[PDB]
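Data first, discussion second: the structure below is written as structure tokens.
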Ligand SMILES: Cc1cc2nc3c(=O)[nH]c(=O)nc-3n(C[C@H](O)[C@H](O)[C@H](O)COP(=O)(O)O)c2cc1C
Ligand SMILES: COc1cccc(C(=O)Nc2nnc(S(=O)(=O)Nc3cccc(C)c3)s2)c1
Ligand code: SF4
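Residue numbers (the numbering used here): -9 to 353.
This is the structure in structure tokens:
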């Protein structure tokens, strides 16, 4: 209840604690997780990726081979609407974010869908999102947050946004190479000390100085209050954490509650991805199937990312990311694809979102 962490302003919104729960697809950070996180006073973030899978394709107009047909159904507006409404049944009008990656067919469509669903903040990575305000202009109060890997990207994004829209980002998330999901670094760079989050954050904060000290949120490998305090002492205004929340009871992908307490460090690895960035996965499910010669058949149905070119890169790397993550959300241990931060092996007990926030904020 008593904390020395101070509330964080992002645009017109305020969160009690300077903590983001990072967005996680597919079906990992939806209404239960984000709702309870926001209820606790942190920023709950709803992933807008693969919402067609929500409640086993409850809100898709067409299904092929048990998959949402095309990007209009993979990124389902009605599903997103219901997820946000259900989250607000828990967290009321407490701020909620919507996370949507840049490298998609229909980026503006999904951003505006998130705004119309009630998002207070849009968070976008997996690319250089130089045009978020173009699609946000009808929603003046929604804060816009790019995820970056470098101070150079901060400078570029601010200059482009300022020149074109007379607006700059409301915050920046700098994500390091210990994070879950995809990495904003080449595989070889993920292991180099120059790109450790403790080295990225000071550079991004110094670059931020020139544009009015836009708040900086450090993400990737942050485990406990000590890591939070380190990042804050390096100039960050807040932190974004995901793996800790991946190990909470309120996680919307229930499989993780059984997978994480058994997870060993040697079973976490960086793999190739149809998205075109290294992805940090657990060596289980579809990965194992690929190595046995029983890889699921690949034929693009959901058209989930532009860099893949409708199955070309999926066939090259050996798996479809939409199919695998959807199967994971639907409970497929044999063929699901499972992601984790580097810290995933440190999850022993599955605890409540409430006790996690208490651990992170007490004192
Ligand atoms: C399971 C999992 C799924 C993720 N999916 C996404 C995603 O869809 N979009 C995104 O921007 N980041 C994604 N990430 C990255 C997180 O939002 C977060 O920035 C990162 O994991 C923070 O590091 P930590 O996990 O050590 O706290 C994912 C991370 C994990 C662990
Ligand atoms: C449908 O495709 C899917 C399925 C699951 C997850 C995703 C996804 O978008 N995964 C992510 N993982 N980390 C992300 S990050 O934006 O925080 N870092 C980052 C990473 C790379 C580059 C830059 C600039 C920043 S995005 C997409
Ligand atoms: S084949 Fe490629 S573009 Fe199509 S759903 Fe799979 S990963 Fe996405």
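For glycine and all other residues, C-beta sits at the position ideal for the given N, C-alpha and C.
Can you tell me which residues form a DSSP beta bridge with residue i?
{"i": "residue 89", "result": "37 and 113"}
{"i": "residue 164", "result": "138 and 208"}
Looking at the secondary structure, which residues open and close the alpha helix (DSSP H) in which residue i lies?
{"i": "residue 64", "result": "60 to 64"}
{"i": "residue 218", "result": "215 to 223"}
{"i": "residue 347", "result": "343 to 351"}
{"i": "residue -1", "result": "Per DSSP, residue -1 belongs to no alpha helix (DSSP H); it is in the beta strand (DSSP E), -2 to 0."}
{"i": "residue 249", "result": "245 to 249"}
{"i": "residue 258", "result": "Taken as a continuous stretch (DSSP letters only), residue 258 belongs to no alpha helix (DSSP H), being part of the beta strand (DSSP E) at 258 to 261."}
{"i": "residue 125", "result": "122 to 126"}
{"i": "residue 102", "result": "97 to 107"}
Classify residue i as helix, strand or coil using the three-state DSSP reduction.
{"i": "residue 275", "result": "coil"}
{"i": "residue 206", "result": "strand"}
{"i": "residue 175", "result": "coil"}
{"i": "residue 238", "result": "strand"}
{"i": "residue 75", "result": "helix"}
{"i": "residue 55", "result": "coil"}
{"i": "residue 269", "result": "strand"}
{"i": "residue 133", "result": "strand"}
Could you tell me the alpha carbon to alpha carbon distance between residue i and residue j, rounded to whole angstroms?
{"i": "residue 234", "j": "residue 68", "result": "29 Å"}
{"i": "residue 296", "j": "residue 96", "result": "9 Å"}
{"i": "residue 198", "j": "residue 141", "result": "8 Å"}
{"i": "residue 336", "j": "residue 58", "result": "34 Å"}
{"i": "residue 175", "j": "residue 194", "result": "16 Å"}
{"i": "residue 172", "j": "residue 137", "result": "12 Å"}
{"i": "residue 54", "j": "residue 291", "result": "7 Å"}
{"i": "residue 130", "j": "residue 160", "result": "12 Å"}
{"i": "residue 237", "j": "residue 342", "result": "9 Å"}
{"i": "residue 344", "j": "residue 25", "result": "11 Å"}
{"i": "residue 90", "j": "residue 98", "result": "10 Å"}
{"i": "residue 322", "j": "residue 45", "result": "14 Å"}
{"i": "residue 32", "j": "residue 257", "result": "31 Å"}
{"i": "residue 6", "j": "residue -4", "result": "7 Å"}
{"i": "residue 334", "j": "residue 169", "result": "10 Å"}
{"i": "residue 116", "j": "residue 351", "result": "29 Å"}
Could one say the Cβ of residue i lies closer than 9 Å to chain C's Cβ atoms, at least one of them?
{"i": "residue 171", "result": "The structure shown contains no chain C, having only a single protein chain."}
Below 7 Å CB to CB, which residues in the same chain sit around residue i once its five sequence neighbours on both sides are set aside?
{"i": "residue 152", "result": "158"}
{"i": "residue 338", "result": "251"}
{"i": "residue 132", "result": "105, 109, 110, 111, 112 and 126"}
{"i": "residue 17", "result": "40, 43, 44, 242, 243 and 319"}
{"i": "residue 47", "result": "53 and 58"}
{"i": "residue 204", "result": "158, 159, 161, 162 and 198"}
Among residues of its own chain, excluding the 5 on either side of residue i, which ones have a beta-carbon nearer than 6 Å to its beta-carbon?
{"i": "residue 83", "result": "none"}
{"i": "residue 230", "result": "10, 12, 163, 207 and 209"}
{"i": "residue -1", "result": "none"}
Cutting at 8 Å between CB atoms, please list the residues of its own chain near residue i, excluding the five before and the five after it.
{"i": "residue 328", "result": "245, 246, 249, 271, 272, 274, 275 and 318"}
{"i": "residue 285", "result": "276, 279, 308 and 309"}
{"i": "residue 60", "result": "52, 291, 292 and 293"}
Just curious, the beta strand (DSSP E) that residue i is in, first and last residue?
{"i": "residue 228", "result": "228 to 231"}
{"i": "residue 5", "result": "3 to 5"}
{"i": "residue 9", "result": "9 to 11"}
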